[PDB]
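Given next, in structure tokens, is a single chain: the form deposited in one PDB entry.
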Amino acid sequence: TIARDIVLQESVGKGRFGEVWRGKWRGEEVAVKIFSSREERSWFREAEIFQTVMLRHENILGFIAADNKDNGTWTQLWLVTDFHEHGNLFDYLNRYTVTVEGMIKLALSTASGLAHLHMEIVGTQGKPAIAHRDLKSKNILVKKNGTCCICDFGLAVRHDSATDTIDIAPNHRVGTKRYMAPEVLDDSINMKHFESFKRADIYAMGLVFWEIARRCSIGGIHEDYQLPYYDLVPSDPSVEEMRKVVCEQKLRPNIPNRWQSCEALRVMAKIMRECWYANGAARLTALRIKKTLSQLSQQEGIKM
């Protein structure tokens, strides 16, 4: 219970569901996602995902509390989290270029958060695997230390490895069309196999890594900010437009020939290709991507 101890400052955005405000909790800046009684289901689902035992991780948005005022107003349901002044990765990459170190910090942090989300921990204080289903640069926040954290669990799915039960709402195609994996675009995805969701998140993470790498400046040389497929689909692409490029034409975002000249960009490009296979079962796992980027950061003396 926390809502009565928070002063709402200003609205900062609107999620898939709910409105996000910057607030102050006993002087500390917090983010508050507010929902009306009408979106009780989306509030309830996100609060449930956040309350998962052992989910806390520096690269997953820090949950503080969920509250219900039972007042019948637009401030009835609360989800209170940490506040990150920079906002999202999309805005960050539009404003700034990054150094090789900065790129590795953004990529490794995203992979670390997704590996934690995907990881099944067996025990008493155990953890079920979770898939995001809408990973994109607009759903990643940039912290003051230059690392990322994943947010917006409104479409997330939880697995029960014992009874094969998938906690899913809705049990159909969701997400941002631009970032949908080929198997999602062509309806071949096996919705009863939890691994399918993890594989689709990996494909989307590969597209986010391409967005970051384009902004990696070495001696002032870098690319302008673009969304994946900016050159191949119109703004707000339909499922048909995406299917033609991704499934039929087998196209992926172009990897600049100049990324082969830098070891960090070579490692990033190899990870992207191995996230992008049409065969989802051949893609890398988030844990393996995390450890590849961790080894590179360790050897190069990059500390997080």
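Numbers follow the displayed sequence, beginning with 1. If you superpose the two forms and keep the largest set of C-alpha atoms that fall within 1.5 Å, you have the rigid core. Shifts are known only where both forms have a C-alpha.
Which has higher Cα B-factors on average according to the PDB entry: 262-270 or 49-57? Per the deposited B-factors, the answer is 49-57.
Comparing 217-225 with 230-238, which stretch shows the greater average C-alpha B-factor in the deposited entry? Per the deposited B-factors, the answer is 217-225.
For the listed residues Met119, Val184, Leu79, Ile166, which one has the largest C-alpha B-factor as given in the deposited model? Checking the PDB record, the top C-alpha B-factor among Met119, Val184, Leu79, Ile166 is at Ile166.
Tell me which of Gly146, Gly87, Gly123, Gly113 tops the list for C-alpha B factor in the record. That would be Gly123.
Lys138: which third of its chain by C-alpha temperature factor? For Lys138, whose C-alpha B-factor we compare with every modelled residue in the chain, the answer is the lowest third.
Should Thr285 be placed in the lowest, middle or highest third of its chain by the C-alpha B factor in the entry? According to the entry, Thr285 has a C-alpha B-factor in the chain's lowest third.
Among the chain's modelled residues, which third holds the C-alpha B-factor of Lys33? Middle third.
Test of reading the entry: by CA B factor among the chain's modelled residues, which third contains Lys198? For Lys198, whose C-alpha B-factor we compare with every modelled residue in the chain, the answer is the lowest third.
What third of the chain, by the recorded C-alpha B-factor, contains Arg243? Answer is middle: the recorded C-alpha B-factor places it there.
The next section is about a form of this same protein that is not shown, the form deposited in another entry.
Considering only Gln226, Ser188, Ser217, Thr75, single out the residue whose C-alpha is displaced by at least 2 Å between this form and the one not shown after superposing the rigid core. Residue with a C-alpha shift of 2 Å or more: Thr75.
Core-aligned C-alpha movement of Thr124 between this form and the one not shown, 2 Å or more: No, the C-alpha position differs by under 2 Å between this form and the one not shown.
Residue shift check between this form and the one not shown, rigid core fit, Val98 Cα at least 2 Å: Comparing forms between this form and the one not shown, the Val98 CA shifts below 2 Å.
Superposing on the rigid core, do we see a C-alpha displacement of 2 Å or more at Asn145 between this form and the one not shown? Shift of 2 Å or more: no.
Are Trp74 and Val30 closer or farther apart at the Cα level in the other entry than shown, by 3 Å or more? Farther apart in the other entry, by 3 Å or more.
Given a CA distance change of at least 3 Å, are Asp70 and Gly23 closer or farther in the other entry? Result: closer.
Would you please work out which stretches of at least three consecutive shared residues show Cα displacements of 2 Å or more throughout between this form and the one not shown, after fitting on the rigid core? Three-plus residue runs displaced between this form and the one not shown: 68-76, 168-172.
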